[PDB]
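Student: Experimental coordinates for this protein are included below, preceded by the sequence.
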Amino acid sequence: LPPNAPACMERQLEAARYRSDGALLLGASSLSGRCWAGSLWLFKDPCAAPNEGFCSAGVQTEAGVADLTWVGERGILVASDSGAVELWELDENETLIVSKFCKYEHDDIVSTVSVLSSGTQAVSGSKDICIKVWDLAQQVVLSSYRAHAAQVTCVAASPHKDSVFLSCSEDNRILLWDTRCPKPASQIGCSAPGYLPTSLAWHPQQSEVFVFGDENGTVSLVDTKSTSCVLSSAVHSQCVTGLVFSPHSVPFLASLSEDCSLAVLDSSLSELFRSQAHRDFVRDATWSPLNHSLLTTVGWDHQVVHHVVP
Amino acid sequence: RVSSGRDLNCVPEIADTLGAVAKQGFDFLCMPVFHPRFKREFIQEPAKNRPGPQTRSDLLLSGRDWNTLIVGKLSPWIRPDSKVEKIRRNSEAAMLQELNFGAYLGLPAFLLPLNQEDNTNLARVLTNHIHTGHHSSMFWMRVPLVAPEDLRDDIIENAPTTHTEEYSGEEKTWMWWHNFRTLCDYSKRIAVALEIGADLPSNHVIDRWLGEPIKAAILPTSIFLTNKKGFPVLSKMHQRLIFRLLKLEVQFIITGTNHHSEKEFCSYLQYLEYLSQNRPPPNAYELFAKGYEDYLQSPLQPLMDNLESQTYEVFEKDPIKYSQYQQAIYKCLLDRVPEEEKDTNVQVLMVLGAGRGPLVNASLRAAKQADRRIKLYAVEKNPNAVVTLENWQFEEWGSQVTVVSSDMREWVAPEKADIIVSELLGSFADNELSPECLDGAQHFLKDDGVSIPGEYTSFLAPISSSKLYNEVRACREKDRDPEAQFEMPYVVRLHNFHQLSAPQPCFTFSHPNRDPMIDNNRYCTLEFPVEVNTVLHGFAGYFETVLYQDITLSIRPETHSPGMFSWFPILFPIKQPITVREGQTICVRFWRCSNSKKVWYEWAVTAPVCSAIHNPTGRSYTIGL
Ligand SMILES: CSC[C@H]1O[C@@H](n2cnc3c(N)ncnc32)[C@H](O)[C@@H]1O
Ligand SMILES: [Cl-]
């Protein structure tokens, strides 16, 4: 265990993120037993995880970690059940992780986060139903949006725009946002209102394209221009918790679910791979920057699996 | 002062947390029994065979701790009413497990939400849990004053908020509760935890919840104005509400992070204690009526039964009523005996129903004030009280007072009387049979004779109280008609309730009754205009009496004799609650019926729908002659 790095990793690993260099960021929470809290970790070697003995850095958060995000190379932003968003700073030699800022602005659990195209700002999703606009630099909340009528599930920022982000909520609304418009939020859905929206991924290339996964395990393909759902497929036996796009030229879409299964989808929503390796809840996914055909999956089974994608 | 708790959706260490909240002054904690993000699968491998432990252990707190300080919270992921089979099955199983664990720990209450309209399967499942074992662990339903959907910000271009009036629509939150409750056949264990929002709704919406079973007010930190000095404070209007809720004695809860960051959580709590101690003191009435709030008692029948010592004791501890009685006689004397006739004319004054002699004493104070001469009879059938009277007459009253130990209908008087005086009146004026008693004694009144009281009138008002409806339903007894509870009046300090219309007179009687064919039998039709959506559970009763001229007594809340606590209101329940809508008239019909043997009331609601005729033929309830 490196300095400020505890022995045990909490069993429930909620986050799996790969830096440019191929470092692995793991955040995990304790959802069971007496101590109900969260951790932060670093794996300068990819396949060293989940063993803390080979980890380069780590720390413990006051509370659990529902969602975590990279802020470039140094910073890490947290969705804490505490009802706080918090930032921790990585070390110069990257040996330790120390809390930059911790602000209790949400009134309930903080469920989802994404950082803006700038990386100078971010947006948060809480079960208080509110979505907030953050100055990472000034460490404050310029805007509070109460668009939704239920708890907020996912908030995905536009890759290419600092004013545009998607939001999905249990109120069976998916929102496209432009901070610029006086009514920022704009409701987008298929023909008929359907099963709940659970997972959001913006397309890397085409900033007019996004995908949503329902609670029914049907992943859907959304064109904002026509604002009409062209294509959807039945991938998962259960709720689609996560949707991640590969770095590849024409990308690959990674679909993760509470059915404890993973699949990777082609551009026409057609499944190339099916992996039953995880024995519990598959939480997060990142693609190997270095070996682009490699995929890194976590779950509550404390299992870290590395994937060779065909 | 004010019982209060702190709601939280995050507890790393139950040990650490609990001390903190208590340090700050919180009587109780509301927290998850399983982690709110910790979602479980009950049917599908592999995650069905997830290895335990499924939560933290009971050992971490004293049984006493669990019993007194923890309120459980259903995990938010559990949605029994999901459109998707798999989620509905899993939430069914998860809700049972969580609820089952609450009871394992002996938690005093458990919080479940009404945050959408269709909560049918949820009610079904809870109802099952309730009909499994015999426990007293309450269930608090989390319902907002205002639906989250009608409190969104109008920042959605394609789906704007409708700024049209929604009278019916802003009451949607109550319909949520009403249905859930009704599916659950009004279990006494299911009460309301009423989430108060940023923006209070229209007063009419708040008017809904008056008589509902509310154990909790939930206040998010989001609703707290900040004073100049940075203190957490509440709208003038929120204060009126909090003041109202204190009167209903509820347990104030606090949810949300400490926005007033340059202060302890005590800041919030302090305001409530601050408002509480700043409320007016309890008046004399309010002191007397302390524990008797929505307490159902059988109406007294001092005709067919003999009142206990301590019964008479307390009922004489009403100074105002006897002041009023004294004064009525004071005025009658001066009006009957000219000052020239003062020593030539002594008046024959007969107390009919004397008990232990406060009215006789007041009859005496009346003469000393009005300086005229009065011959006293004390007629009383309870021979136990007659003991107190003949002990007084021997010691103090002397031969001025002839104690007559008999029924006023029996006693053959040596002489006719100038004035007859009586306190033979129930909470519905005539329910002790004051009319029949004084009708039988009227033959021994001089033709110019006065009665105090000269007249009385009952009044009736439609009410909504699911709490009293539940309390009445509870009064079932074995070896009696399973619905006798509903066909009988109860005296009660009506408290958790809503009067749907102002009172109207029901029955009136005048004494003496010079009527050629005296009949105390009555049929009356009443129409009560209602202007909110509401549910009728029964009809409150009060009365007014004329002692003499301008001297009078009333338990009618508009004309209420002030300080006079001698009579609590009466309640005529109905078997089946009747939905009423804004605009509609409640039509009630009341019959007073008699035998040689007994007198009784019957009643029917004839609009906006019909009720069954209640107490038909005095089957469930009568008053002995
Ligand atoms: C003060 S409560 C009424 C009192 O009047 C007495 N009372 C009621 N009815 C009669 C009656 N018919 N004759 C004599 N006393 C009565 C009761 O025993 C009681 O003490
Ligand atoms: Cl009383």
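Tutor: Nice, thanks for sending it over. Residues are numbered from 1 along each chain as shown, chains lettered A, B, ... in the order given. Ligands and ions are numbered 1, 2, ... in the order given.
Student: from chain A, which residue is nearest to ligand 1?
Tutor: Nearest residue of chain A to ligand 1 (CB to the nearest ligand atom) works out as residue A:107 at 58.4 Å. Yep, even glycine has a C-beta here, placed from its N, CA and C like the rest.
Student: which bits of chain B sit near ligand 1?
Tutor: With CB under 6 Å from any ligand atom as the criterion, chain B meets ligand 1 at residues B:302-303, B:307, B:353, B:355, B:379-382, B:385, B:407-409, B:423-424, B:437.
Student: of these, closest to ligand 1?
Tutor: Using CB to the nearest ligand atom, residue B:353 is the member of the residues of chain B next to ligand 1 that lies nearest ligand 1, at 2.6 Å.
Student: looking at it, the closest one is touching residue B:424, isn't it?
Tutor: Yes - contact criterion CB atoms under 8 Å: residue B:353 and residue B:424 qualify, at 5.0 Å.
Student: quick one: common contacting residues for those two?
Tutor: Common contacts of residue B:353 and residue B:424 (CB atoms under 8 Å, 6 or more residues apart in numbering or on different chains): B:302, B:437.
Student: who has more neighbours, those two?
Tutor: Between residue B:353 and residue B:424, counted using other CB atoms under 10 Å in any protein chain shown, residue B:353 has the larger neighbour count: 26 against 20.
Student: quick one, what contacts the more buried one?
Tutor: By CB under 8 Å, 6+ apart, residue B:353 lies in contact with B:302, B:379, B:380, B:408, B:422, B:423, B:424, B:437.
Student: at 10 Å instead, please
Tutor: Residue B:353 makes contact with B:302-303, B:359, B:378-382, B:385, B:407-408, B:420-425, B:432, B:434, B:437-438, B:441, according to CB atoms under 10 Å, 6 or more residues apart in numbering or on different chains.
Student: if we can go back for a sec, and which of the residues of chain B next to ligand 1 is nearest residue A:34?
Tutor: residue B:307 (61.6 Å; CB to CB).
Student: Enumerate every residue touching the residue of the stretch 451-600 of chain B found nearest chain A.
Tutor: Here the residue of the stretch 451-600 of chain B nearest chain A is residue B:533; by CB to the nearest CB that distance is 22.9 Å. The contact partners of residue B:533, taken as CB under 10 Å, 6+ apart, are B:167-168, B:171, B:174-175, B:178, B:204-205, B:207-208, B:579-584.
Student: From residue B:568, how far off is the nearest residue to residue B:232 once chain neighbours are set aside?
Tutor: In space, residue B:232 comes closest to residue B:224 once its chain neighbours are excluded; the distance is 4.1 Å by CB to CB, 6 or more residues apart in numbering or on different chains. Distance, residue B:224 to residue B:568, by CB to CB, to the nearest Å: 39 Å.
Student: secondary structure class for residue B:359?
Tutor: helix (DSSP: H, G, I helix; E, B strand; the rest coil).
Student: what are the bridge partners for the spatially closest residue to it that is not a sequence neighbour, then?
Tutor: Spatial nearest neighbour of residue B:359, chain neighbours left out: residue B:351 (5.2 Å); criterion: CB to CB, 6+ apart. Residues in a beta bridge with residue B:351, per DSSP bridges, are residue B:378, residue B:421.
Student: distance of residue B:351 from residue B:320?
Tutor: In this view, residue B:351 and residue B:320 are 19 Å apart by CB to CB.
Student: The two: who's more crowded?
Tutor: Per other CB under 10 Å, whichever of residue B:351 and residue B:320 has more neighbours is residue B:351, with 28 against 15.
Student: Setting aside sequence-adjacent positions, which residue approaches the closest residue to ligand 1 within the stretch 1-150 of chain B most closely?
Tutor: Per CB to the nearest ligand atom, the residue of the stretch 1-150 of chain B with the smallest distance to ligand 1 is residue B:136, at 38.5 Å. Spatial nearest neighbour of residue B:136, chain neighbours left out: residue B:189 (7.2 Å); criterion: CB to CB, 6+ apart.
Student: Hmm, that neighbour is touching residue B:133, no?
Tutor: No - contact criterion CB atoms under 10 Å: residue B:189 and residue B:133 do not qualify, at 11.9 Å.
Student: what's the longest strand in chain B?
Tutor: Ranked by residue count, the top strand of chain B under DSSP state E comes out as strand B:534-548.
Student: does the residue nearest the centre of chain A count as helix, strand or coil?
Tutor: For chain A, the residue nearest the mean C-alpha position is residue A:67 (6.0 Å; CA atoms, centre = their mean). The three-state label given to residue A:67 by three-state DSSP is strand.
Student: can you tell me how far it sits from residue A:27?
Tutor: Taken as CB to CB, the span from residue A:67 to residue A:27 is 8 Å.
Student: Overlap of the contact sets of those two?
Tutor: Joint contacts of residue A:67 and residue A:27 (CB under 10 Å, 6+ apart) are A:14, A:15, A:78, A:79, A:283, A:284.
Student: if I pick residue B:572, what's in contact with it?
Tutor: Contact partners of residue B:572, counting by CB under 10 Å, 6+ apart, are B:428, B:460, B:463, B:486-490, B:538-541, B:588, B:590, B:601-603, B:614-615.
Student: tell me which element it falls in.
Tutor: According to DSSP states H and E, residue B:572 maps onto strand B:570-580.
Student: Need the nearest residue in space to residue B:174, chain neighbours excluded.
Tutor: Leaving aside its chain neighbours, residue B:174 sits nearest to residue B:208 (4.2 Å; criterion: CB to CB, 6+ apart).
Student: Now do the SS call for the one you found.
Tutor: At residue B:208 the chain is in helix, as set by three-state DSSP.
Student: Tell me how far it lies from residue B:466.
Tutor: Distance, residue B:208 to residue B:466, using CB to CB: 11 Å.
Student: Now the common contact residues for those two.
Tutor: Common neighbours of residue B:208 and residue B:466, using CB under 10 Å, 6+ apart, are B:177, B:178, B:498, B:535.
Student: picking that back up, just the buried subset of the contacts of residue B:533, written out for PyMOL, thanks.
Tutor: Selection command for PyMOL covering only the buried members of the contacts of residue B:533, criterion 16 or more other CB atoms under 10 Å in any protein chain shown:
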select buried, chain B and resi 171+174+178+205+207+208+580+584
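Student: just curious, which of the contacts of residue B:533 is nearest to ligand 1?
Tutor: Using CB to the nearest ligand atom, residue B:580 comes nearest to ligand 1 of these, at 37.2 Å.
Student: how about residue A:91, what does it touch?
Tutor: Applying CB under 10 Å, 6+ apart to residue A:91 gives the contacts A:2, A:3, A:4, A:42, A:56, A:57, A:74, A:97, A:98.
Student: Residue A:290 reaches residue A:24, doesn't it?
Tutor: No - assessed by CB under 10 Å, residue A:290 is found out of contact with residue A:24, at 11.7 Å.
Student: who's more crowded, the two?
Tutor: Neighbour count, other CB under 10 Å: between residue A:290 and residue A:24, residue A:24 has more, with 26 against 11.
Student: Quick check: chain neighbours aside, which residue is closest to that one?
Tutor: For residue A:24, ignoring the flanking residues on the chain, the nearest one in space by CB to CB, 6+ apart is residue A:43 at 3.6 Å.
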